[PDB]
């Protein structure tokens, strides 16, 4: 028996010709999130409602609908109901949803709930923009030079979760097949050996890279960088790079720069020549620190995207305010990107900035760009005013310490 309540007032968003049809009163599913989700989610709801109200003068209003996943789901639906089938159904049905951080249990063989949501809903784009907000305390000298957008492939790579435990019958079966049937000789220690599988496909790669290039065109960005470790992993990471460049050539008229390998893609709207290039992943983690201004849109595989998004967020002082979206062809799920921080849960203390900026991304995705712009403006003003939560304030002199809820108010005040 479902415990979700469909709002009496509200219409569902629909999808036609690859375009969202968003009514003035859209029903938006939201997952509160565990731990500090109880603090940041109500701040997000208030801030989004204010931005919507101010932008469209009361003509538009979101009908929020609570749905369940994580620790709260077990309390609502019962033991071991960590991810109800209806949550998958509802997100797909209502097209656009948002969630706080999620608790994935240990000891019950349950894999990451975040990853489960991404994979089961085929949300193959993990979209993570990282920019600097003036006034944010940062560990680097020039965080303002960082303005990048990560397209992280969300459906393949070693995240597929194909692996077998050392000394298990399955692992030994796989290892025997590799050694005796594939003639594999390069497993250093075949005994007591865990095994993981890393897939990378042409279709998987190209749908991700296609979205990254379309984003660069739509938003007049300067370049798309394919980041990969293709010199060591030729047939997965290296193939990702090859297919990315091929896609730029075959679908976007990519032309060779100089003697290559970089390509230029002409923006059909602005005439700007978008550079398509590539960087080896370890070097890239250096280049984002040393030459951040040379990078813009980034396209990379699942694990590399995980690392890159964290590293970039840290450097701009944005560990706790990094927005994120998981986008597929039929629906999209925006998310707080930090953890659940249970020690602070319910103290109205932690930074709601991440889930709020994810909500900004959500509004933009819905075509409600005015409301989204108001959130960005409010976030810029509040941070610039040094009226901030403890995680910022502890690193600054002369800041005003705000509760989580109060920081939400400051954002609204600066819209």
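Numbering follows the first chain given and starts at 1.
Mean CA B-factor, 57-65 versus 368-376: the higher value falls on 57-65.
The stretch with the higher mean CA B factor, choosing between 100-108 and 145-153, is 100-108. You'll see in the entry that, of 208, 345, 289, 121, the Cα B factor peaks at 345. Taking the deposited Cα B-factors for 318, 230, 271, 204, the highest one is held by 271. Among all modelled residues in its chain, residue 277 ranks in the lowest third by Cα B-factor. Annotation for residue 395: CA B-factor lies in the highest third of the chain's modelled residues. Residue 306: CA B factor lies in the lowest third for its chain, per the PDB record. Placement of the Cα temperature factor of residue 13 within the chain: highest third of the modelled residues, per the deposited record.
For residue 22, the recorded CA B-factor ranks within the middle third of the chain. Only modelled residues enter the ranking.
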